[PDB]
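Presented as structure tokens, the chain that follows is alone, the form deposited without 2-phenyl-ethanol.
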């Protein structure tokens, strides 16, 4: 029935057009509070985010899922304020990414489970704001710690009904190892979204996961250093495949009958401290439409390539509603 947002619970019908993998800011635990000037100022950052969210809203976007975890420097008060100002629903996350501090790294699977449930049931910090999704990540073979995270995510998800979303090194087929772990925990593939999936050209790897019931996240659409090949850091981060190439993978899965398994996003942000300095400048040049890139550019492109409008609606409205809706096992 309900999905938790930074402003409280909403009905499924209110979610509307939803972007499933985004961020307001990409940072580190405690960073925004300790060194806000890094982003100009907190106020500057929020203003930027409000502007961008209002542009997306104008394009039809009603809800965004900010997959920033504790270690991505998620600031739930920042999220609640921009959500309120832009009038865009924002779903917050729990989980752990690739930069856990010692206090997290030394924890057992049981303790991590506890922390995840806490964020989901009790709320984040002392705000009472509850997480609506669990974010995990691997980059190649899972380290022993990552395996604990994955198990903990599965158990919290089994207890709550809240979905799991991941970061993958698609090219290395991480999705298959993640699936194996999740399944070993009893987790249903339909509660899981294997992200950054458009980062690969191997459709066989994709279709195989889709066939198992997993959701495939094609969330790096606008990421391309194409024409920027002169920037080591940019090219390393964004890649050299064109946005068109990534978008056609959406059509490809549709064509194979997996429309119900597709989730699309931009993986955008408004501030980014966990990388080289001034990186935002480059991204903003690369994708001036920011989070509105999907509705403004991708939808129309697909339409033109022959994808029927309703299919497009099912992908951006229906699939996400199903995914987000907390669902308990048999």
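Positions refer to the first chain, counted from 1.
Below, we turn to the form deposited with 2-phenyl-ethanol bound, even though it does not appear here.
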Heavy atom within 4.5 Å of 2-phenyl-ethanol in the deposited bound form - residue from 104, 158, 259, 148: 259
Triple contact flag 5, 9 and 11 to 2-phenyl-ethanol in the deposited bound form, non-hydrogen atom at 4.5 angstroms: no
Residue contact check: residue 315 to 2-phenyl-ethanol in the deposited bound form, 4.5 Å heavy atom: yes
Within 4.5 Å of 2-phenyl-ethanol in the deposited bound form: residues from 316-330 (heavy atom criterion): 318, 319, 322
